[PDB]
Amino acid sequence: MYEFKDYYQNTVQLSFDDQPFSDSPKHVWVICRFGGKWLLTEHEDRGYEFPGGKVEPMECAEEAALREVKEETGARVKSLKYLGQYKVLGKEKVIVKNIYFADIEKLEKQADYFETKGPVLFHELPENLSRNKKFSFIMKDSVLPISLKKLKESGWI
């Protein structure tokens, strides 16, 4: 596993094993690719990020991952694959977050995206990411480069 501090100084623990921190993660994060482009959403408060959010008690993690992609981007998924999991060791809370990879089939029109401004496509993520005020803090720690490295090694992209 990997351990590091995040953008807001919480400690994050990251693993590419199957649900090592929790069998019932309460959050999902979905790295999306549409053709040769990254598909992100623009969270209303946080800014650009891969879609994700909470796992409902009446949802399993995969169901929540598919719903967040659709709600935040209007995308239909061709394939959803579990990649890994991370634990965020916060000041007041500890959250366990599954990482999925979604290969996107298409983006359909949507009147609303919920807590976001909808889909954003990036041919490449910018190098200035960590100092880019337009990006979410969740994209500004080692979870993103380590996850992309593992994703590229997988053969899935």
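Heads up: residue numbers just count along the shown sequence, starting at 1.
The question of which stretch, 21 to 29 or 134 to 142, has the higher mean Cα B factor is settled in favour of 21 to 29. Stretches compared: 144 to 152, 9 to 17. Higher mean C-alpha B-factor in the entry: 9 to 17.
When the C-alpha B-factors of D112, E42, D103, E68 are ranked from the entry, the top spot goes to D112. The top Cα temperature factor in the record, among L125, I99, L121, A61, falls on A61. Placement of the Cα temperature factor of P57 within the chain: highest third of the modelled residues, per the deposited record.
Among the modelled residues of the chain, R46 sits in the middle third by CA temperature factor in this PDB entry.
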